[PDB]
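Encoded as structure tokens, the following chain is the form deposited in one PDB entry, with no partner shown.
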């Protein structure tokens, strides 16, 4: 099949931090980057599914990207410009994703910028003190214009007149300045009394094309849209938004229908206004396709097959694409508002992928959905903290355990409209891991108990049918059974052998302990890692030889991954615990902490590892062979999960707020960077 990305959420409260060029390509500022989305036939997506894909990222700003604008000049649609709280304006080439050139002319926080629609190399930027810079990127010239001591919110160069720029301020002031006359103010458009969010020029020049020079429209926090006459410097029309509610009021003035005007509205609803008169709501016949929070940016995009689309960004973290002909939602791209901490596929709902995210919502992605490549449901009730751990029930459909950074353990019925059940017992620290296993005493004295491991070092056994009851610290059983007097290690990982007969605990000191049912008799201690154990995974039971099921891979804060073979020690069932000090296999190549390892269900002994070194490595573990290295994340990987359907496909999540679905066969590098 083919790669796919859930990207970070578009940035909020910026008058222009997204834009699109024909064909086409959509770009949106998110965090300190711009993410690029191919839209239309060029996307190369599965037939019958929405034609778009996230394809690249502009990396280099060191603080929030506040502004983004493409060059709309034929022959240079690949050029674009950004502004950032790092104080720079960068010019980029999207083909190579590199900085062409840049400036640091602004002495105050940049508000926005706009590529001249008329002058091929002109980018105009404005800051929160009211200073405007003109920048001609080819001659490397610039001009400083300090118009008014006033906080710029938005700026839009005229599409008709190369010298005229409209500027909108936090206090509701709107001016038109002439950049050839040292930024002289040509018009003061008085009327708004609160933030200007958007300025759109009429796409036709002249003032003989409207039922009541050039016309322009301004949208404001004051809940009105004003249309102005650029000859008489006065208002000619006021539109009042229909029903302190949130509002970002942005505009798009369609070229093919200049008597119409598109705006955002309360709640992120989109409206098409008839200027010859009043408004039509987008997606009126299924209102639920609308955004559910304020919309910030609207960007038209005409595909190479001449479909006229409109992309919208929103506080609700969805990017939506609208068919302007029908006012219907063509597709929705979901996005992530924090680290992708955890990934888990359900064994009983094929392709159902749960994602634990730092923004306090669980995503469930129906990855195999035929209608939609990003069929994602969001669960927030009872979550409300970073989701650091997940584990689907092994047999119960829709039953999902989750754990949070604040120590909470919960149980979701994802097929339902119900809030989750919360365990009355919390960990003191982050929930690292959840696993289902057979109950142990006193609980065993439900087919499966829920086990949770917290950062404080305790593993708890929860009864999924009595979560408001007490959870049990398994150390009490471990001590009893094994006659342990000493100070218990701090547990940092738990992993059940597939047969439910053997539990492995990883510890902060690097040790791995092997315990047997029914009473957790200690049969083995593995002393191989020298640092905290993050991840343990037992090989599946459906490989070509029974021996494979005794294989256990593990990763610590050191870079070297080990495989151990527990067949001898388990089958011997010793009456006093053995120590293993030698690995069955060693997998060297990463250069930082290993956060997660997972065996392919499709192969004998094929492992993928996620690392702080910013890569996922695929190994033929039994031959200690590095196969391929995925380098698509820009940050520390936190989780990895094999596709349950495709031997070639792996999903990974990182602290770059991204989930990538990628193919082992498409990777150029065989090993991690050295």
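Only the largest set of C-alpha atoms that superpose within 1.5 Å between the two forms is called the rigid core. Numbering follows the first chain given and starts at 1.
Undergrad: Is it true that residue 213 goes unbuilt in a third or more of the other compared entries of this protein?
TA: Comparison shows residue 213 dropped in at least a third of the other entries.
Undergrad: At least a third of the other compared entries lacking residue 172?
TA: Across the other compared entries, residue 172 is absent from none.
Undergrad: Per the entry, how many residues of the deposited chain go unmodelled between residue 104 and residue 105: none, 1 to 3, 4 to 9, or 10 or more?
TA: Nothing is missing between them.
Undergrad: Check the entry and tell me how many residues of the deposited sequence have no coordinates between residue 486 and residue 487: none, 1 to 3, 4 to 9, or 10 or more.
TA: Going from residue 486 to residue 487, the model skips no residues of the deposited sequence.
Undergrad: For the higher mean C-alpha B factor in the entry, choose 297-305 or 311-319.
TA: According to the entry, 297-305 carries the higher average C-alpha B-factor.
Undergrad: Read off the CA B-factors in the entry, average them over 448-456 and over 472-480, and name the higher stretch.
TA: Mean C-alpha B-factor is greater for 472-480.
Undergrad: Looking at the C-alpha B-factor values in the deposited entry, which of 217, 532, 443, 376 comes out highest?
TA: Reading the PDB entry, the winner on C-alpha B-factor is 443.
Undergrad: Of the options 252, 396, 221, 466, which has the highest CA B factor as deposited?
TA: Of 252, 396, 221, 466, 466 has the highest C-alpha B-factor.
Undergrad: Determine, from the deposited record, the chain-internal third of the Cα B-factor for residue 146: lowest, middle or highest.
TA: For residue 146, whose C-alpha B-factor we compare with every modelled residue in the chain, the answer is the highest third.
Undergrad: Would you mind ranking residue 109 by its C-alpha B-factor against the rest of the chain and naming the third, lowest, middle or highest?
TA: Middle third.
Undergrad: With respect to C-alpha B-factor, does residue 593 fall in the lowest, middle or highest third of the chain as deposited?
TA: For residue 593, whose C-alpha B-factor we compare with every modelled residue in the chain, the answer is the lowest third.
Undergrad: Can you tell me whether residue 329 has a C-alpha B-factor in the lowest, middle or highest third compared with the other modelled residues of the same chain?
TA: For residue 329, whose C-alpha B-factor we compare with every modelled residue in the chain, the answer is the middle third.
Undergrad: Quick check for you: using the entry's CA B-factors within this chain, is residue 259 in the lowest, middle or highest third?
TA: CA B-factor rank for residue 259: highest third.
There is another form of the same protein, the form deposited in another entry; it is not shown, and what comes next is about it.
Undergrad: Upon rigid core superposition, which of the listed residues (573, 140, 416, 544) is displaced by 2 angstroms or more at its Cα between this form and the one not shown?
TA: After core superposition, the one over threshold is 140.
Undergrad: So, does residue 41 move by 2 Å or more at the CA between this form and the one not shown, with the core held fixed?
TA: Shift of 2 Å or more: yes.
Undergrad: Given a superposition on the rigid core, I'd like a yes or no on whether residue 163 shifts its C-alpha by 2 Å or more between this form and the one not shown.
TA: No; that C-alpha moves by less than 2 Å between this form and the one not shown.
Undergrad: Does residue 386 move its CA by 2 angstroms or more between this form and the one not shown when the core is aligned?
TA: Superposed on the core, residue 386 moves its C-alpha less than 2 Å between this form and the one not shown.
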